[PDB]
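Shown here is one chain on its own, the form deposited in one PDB entry, set out as structure tokens.
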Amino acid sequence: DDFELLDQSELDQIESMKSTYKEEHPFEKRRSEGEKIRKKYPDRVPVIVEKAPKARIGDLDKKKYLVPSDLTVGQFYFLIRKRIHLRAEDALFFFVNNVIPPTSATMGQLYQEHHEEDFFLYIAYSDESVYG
């Protein structure tokens, strides 16, 4: 009948993606490490990469990556996929705040828009194209 007005704010209402890393490392320790690493490497951003709970592909043992601010999401996909156990026929998707980012985005763009108050950017991955 009538139009439905979609609002960007809806994206922000979803609950945060799971992060064992956040839960098991006290906030102040994370924030101190993130601030220090940002000062040390002004051309890089610190990223935490974790499996979405519903993902059906292999887990990732190493979570902490320091990435060039100009690396693109497509390049990051290549590098991270190399480290996960999945079939060539398995898919791989990344999520930042529950949303799949563009292949063309840079890690510095994602970091500026989405880093948390500990100065880390959190990315989840799944073989499914929805976070859960």
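The numbering used is simple: start at 1 and walk along the sequence shown.
One more form of this protein, solved in complex with a partner chain, exists but is not displayed; see below.
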Would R44 count as a contact of the partner chain in the bound PDB entry, using a 4.5 angstroms cut-off between non-hydrogen atoms? yes
Please tell me whether any heavy atom belonging to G58 falls inside 4.5 Å of a heavy atom of the partner chain, as the geometry stands in the bound PDB entry.
no
Check your understanding: Looking in the bound PDB entry, any heavy atom of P68 within 4.5 Å of the partner chain?
Key -> yes
